[PDB]
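So basically every Cβ, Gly included, is an ideal-geometry build from the backbone, and we count neighbours across all protein chains shown. Quick note: the coordinates plus some simple rules give every number you see, no bench work behind them.
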């Protein structure tokens, strides 16, 4: 058969994911609810498939991916999000994920992603907005962001303050300000209303 | 309710794709065997789906892709190829296709790409070598080629010589040795052996 490790802090998502994998004769080696032990458990148990939420606490899902790939892990890693996060897929792809899937539309895209991977394909959100319409220059601006700048952005859009971010990202306040300036500058935003509107327009 | 145009000149590949589409309840508005009329007929007929082989004569399959997208067509485009062309996929992704599929492993990845596109995802070959192991730099040198260098490389690897290519690509024998030089320079290859060896090492 085929087996997996699931990494998600959301109790309901864990359940639906678990339930989906069983339904498809995939055996679950372990279930994790934080990212700080993830690298280790993955490397030890060596599952065919890893499913990781992009927002696990401790060490986030993309940081786990970069670390695993850096350390020559060659399994299927599928990243998932509770948000739409369609712009984030590109960054996950650049880091070596086999796919990125939003849980918003349910669990079938996860199994679809696992299938693609089994066949040598990767499975990521498509933005027509990269190639068509008036939103292309906005859409590359997003593509220029650092992994970390993206974290801070998404945290700002959830309305978190510098301290909440620092604590979550295990960085100092100054490092958050710095990432926040770099972020704003790349987005051509000066004020919070600029950012609000930027986000509305690109539907983040 | 779903419909397609198929653009391939390989008689068996046409038959197989046609059959596959039919069995998945996809109507075929038209079948083409060259790329000269392709932009026009797509825009005339407005199919949900277009399936284009990367080597149709006249206007190159990825050229069509680019044209349709700069001319704002917003349907599903899936490039296909008779060879593995693993690296070619990134270029089609960067040019706005929804997917790239090798016919080598059969038609079932075409229907899967289509189901991906219908769910808002794209379906491209996964290159582990881009992220893990000893071939990561080679793997990005291939990513650097221009559309024209690729065409030429793919021809060298096919066994065409300078004349065949000049004829094939509609150009003079020295616009080809031009392309041939930047190609080799980007791939850091001196001799034909350096190239053969590179192609063996990276599986092209």
Residue count for segment B:144-162, restricted to those that are exposed (fewer than 13 other Cβ atoms within 10 Å of the Cβ), without any contact (Cβ under 8 Å) to a residue 12 or more places away in the chain and farther than 14 Å from residue B:199 by Cα: 1
For residue B:192: the one exception among (1) more than 24 Å from residue B:80 (Cβ to Cβ); (2) touching a helix residue (DSSP H, G or I) at 6+ places or on another chain (Cβ under 7 Å); (3) surrounded by fewer than 17 Cβ atoms within 10 Å (Cβ to Cβ): (2)
Residue in segment B:78-88 that is part of a loop (DSSP other than H, G, I, E, B), under 14 Å from the mean Cα position of the chain (by Cα), closer than 23 Å to residue B:198 by Cα and facing chain A (nearest Cβ under 9 Å) present: yes
Given (1) in contact with a strand residue (DSSP E or B) (Cβ under 8 Å, 6 or more places away or on another chain); (2) without any contact (Cβ under 8 Å) to a residue 24 or more places away in the chain, index of the condition residue B:35 fails: (2)
Residue match in segment A:126-135 (condition: over 24 Å from residue B:72 (Cα atoms) and at the interface with chain B (Cβ under 7 Å from one of its Cβ atoms)): no
Single residue of segment B:38-54 satisfying the filter (in contact with a strand residue (DSSP E or B) (Cβ under 7 Å, 6 or more places away or on another chain) and surrounded by fewer than 19 Cβ atoms within 10 Å (Cβ to Cβ)) that is farthest from residue B:85 (Cα to Cα): B:45
Number of the condition not met by residue A:139 [criteria: (1) within 9 Å of chain B (Cβ to nearest Cβ); (2) within 29 Å of residue B:80 (Cα to Cα); (3) over 15 Å from the mean Cα position of the chain (by Cα)]: (1)
Qualifying residue in segment B:97-110 (condition: in a loop (DSSP other than H, G, I, E, B) and buried (at least 22 other Cβ atoms within 10 Å of the Cβ)): yes
From A:186, A:180, residue being under 20 Å from the mean Cα position of the chain (by Cα), in contact (Cβ under 8 Å) with a residue 12 or more places away in the chain, part of a helix (DSSP H, G or I) and more than 29 Å from residue B:102 (Cβ to Cβ): A:180
Filter pass, residue A:156 being over 28 Å from residue A:110 (Cα atoms), assigned to a helix (DSSP H, G or I) and within 18 Å of the chain's Cα centre (by Cα): no
Selection status of residue B:123, closer than 29 Å to residue A:131 by Cα, within 16 Å of the chain's Cα centre (by Cα), without any contact (Cβ under 8 Å) to a residue 60 or more places away in the chain and in a helix (DSSP H, G or I): no
